[PDB]
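Comments concern the structure below.
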Amino acid sequence: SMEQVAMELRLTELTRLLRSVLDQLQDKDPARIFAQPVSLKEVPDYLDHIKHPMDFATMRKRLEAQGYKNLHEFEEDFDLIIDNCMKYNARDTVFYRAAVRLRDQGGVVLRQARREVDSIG
């Protein structure tokens with residue numbers, strides 16, 4: 001149908017906007033601490049601690065499959081990156097501190113994304 005096409009164009013455009021959001025959030029991680037999944041070879045107990053692992057490469061795979069229906073779903077995944085790190089790692093670690101800085105800097109980007117998503121519809 002024409003409607004299904006219109007819906008598909010909306011999703012494509014959301015995916016375009018979320019791709020730009022993802023690039024901007026990932027720039028706030030210049031150390032690449034959150035770029036890839038925590039390695040289960042190197043942290044073999046990780047899944048005993050963290051039940052829903054997340055990272056920027058995994059978000060990118062979902063994004064490019066158009067697997068984010070709305071900004072809320074995308075934000076859920078970004079929040080998992082941060083919250084998983086802040087539980088697994090102690091406060092006095094470069095990893096925890098990186099997550100705090102990513103959260104703080106990401107807030108600004110996500111604030112405007114929400115306005116853009118609502119605005120453009």
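Naming works like this for the structure tokens: A, B, ... for the chains as they're shown, residue 1 at the start of each chain, ligands 1 onward in shown order.
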Quick one: residues within 9 Å of stretch 88-91 of chain A, only C-alpha atoms, excluding same-chain residues fewer than 5 positions away - as a ChimeraX atom specification?
/A:46,49-50,83,96-97
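Residues in contact with residue A:38 at 10 Å, where only C-alpha atoms are counted and same-chain residues fewer than 3 positions away are skipped, are listed as residues 33, 34, 35, 41, 42, 43, 44, 46, 47, 53, 54, 55 and 85 of chain A.
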Selection file, N, CA, C and O atoms, as an mmCIF file, in the first residue's frame:
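This is the output file out-v3.cif:
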data_model
loop_
_atom_site.group_PDB
_atom_site.id
_atom_site.type_symbol
_atom_site.label_atom_id
_atom_site.label_comp_id
_atom_site.auth_asym_id
_atom_site.auth_seq_id
_atom_site.Cartn_x
_atom_site.Cartn_y
_atom_site.Cartn_z
ATOM 1 N N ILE A 33 35.890 3.196 24.833
ATOM 2 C CA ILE A 33 35.570 2.292 25.905
ATOM 3 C C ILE A 33 34.268 1.534 25.654
ATOM 4 O O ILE A 33 34.161 0.325 26.041
ATOM 5 N N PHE A 34 33.353 2.176 24.930
ATOM 6 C CA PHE A 34 31.987 1.608 24.741
ATOM 7 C C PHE A 34 31.747 1.180 23.300
ATOM 8 O O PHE A 34 30.631 0.820 22.897
ATOM 9 N N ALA A 35 32.804 1.159 22.499
ATOM 10 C CA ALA A 35 32.687 0.807 21.115
ATOM 11 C C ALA A 35 32.292 -0.568 20.761
ATOM 12 O O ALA A 35 31.636 -0.793 19.763
ATOM 13 N N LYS A 41 35.499 -13.660 26.453
ATOM 14 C CA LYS A 41 36.823 -14.325 26.651
ATOM 15 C C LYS A 41 37.625 -13.691 27.732
ATOM 16 O O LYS A 41 38.152 -14.394 28.588
ATOM 17 N N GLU A 42 37.708 -12.351 27.746
ATOM 18 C CA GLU A 42 38.434 -11.547 28.754
ATOM 19 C C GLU A 42 37.749 -11.241 30.140
ATOM 20 O O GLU A 42 38.427 -10.922 31.157
ATOM 21 N N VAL A 43 36.407 -11.227 30.126
ATOM 22 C CA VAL A 43 35.609 -11.082 31.331
ATOM 23 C C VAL A 43 34.603 -12.249 31.356
ATOM 24 O O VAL A 43 33.392 -12.121 31.056
ATOM 25 N N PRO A 44 35.092 -13.472 31.677
ATOM 26 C CA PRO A 44 34.224 -14.641 31.533
ATOM 27 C C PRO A 44 32.966 -14.671 32.440
ATOM 28 O O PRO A 44 32.028 -15.291 32.013
ATOM 29 N N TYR A 46 31.060 -12.061 32.976
ATOM 30 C CA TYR A 46 30.334 -10.791 32.816
ATOM 31 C C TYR A 46 28.796 -11.003 32.891
ATOM 32 O O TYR A 46 28.069 -10.148 33.465
ATOM 33 N N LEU A 47 28.300 -12.051 32.292
ATOM 34 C CA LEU A 47 26.846 -12.237 32.186
ATOM 35 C C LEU A 47 26.240 -12.668 33.520
ATOM 36 O O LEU A 47 25.019 -12.560 33.646
ATOM 37 N N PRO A 53 23.815 -6.905 28.184
ATOM 38 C CA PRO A 53 24.980 -6.152 27.668
ATOM 39 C C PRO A 53 24.622 -5.235 26.507
ATOM 40 O O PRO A 53 23.714 -5.560 25.684
ATOM 41 N N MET A 54 25.356 -4.106 26.376
ATOM 42 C CA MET A 54 25.122 -3.261 25.221
ATOM 43 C C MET A 54 26.410 -2.509 24.908
ATOM 44 O O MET A 54 27.258 -2.311 25.805
ATOM 45 N N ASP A 55 26.518 -2.036 23.689
ATOM 46 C CA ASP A 55 27.700 -1.285 23.215
ATOM 47 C C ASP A 55 27.350 -0.564 21.903
ATOM 48 O O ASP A 55 26.321 -0.896 21.309
ATOM 49 N N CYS A 85 27.894 -0.236 32.804
ATOM 50 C CA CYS A 85 29.272 0.134 33.210
ATOM 51 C C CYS A 85 29.367 0.611 34.605
ATOM 52 O O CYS A 85 30.346 0.270 35.330
#
Enumerate as JSON, numbers by chain all residues of chain A assigned to alpha helix (DSSP H) by DSSP on the backbone, naming them with the chain letters and numbers the document uses.
{"A": [2, 3, 4, 5, 6, 7, 8, 9, 10, 11, 12, 13, 14, 15, 16, 17, 18, 19, 20, 21, 22, 23, 24, 25, 26, 27, 46, 47, 48, 49, 56, 57, 58, 59, 60, 61, 62, 63, 64, 71, 72, 73, 74, 75, 76, 77, 78, 79, 80, 81, 82, 83, 84, 85, 86, 87, 88, 94, 95, 96, 97, 98, 99, 100, 101, 102, 103, 104, 105, 106, 107, 108, 109, 110, 111, 112, 113, 114, 115, 116, 117, 118, 119, 120]}
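The gap separating atom CA of residue A:66 from atom CA of residue A:101 is 27.9 Å, in Å to one decimal.
Coordinates place atom CA of residue A:117 at a distance of 9.9 Å from atom CA of residue A:13.
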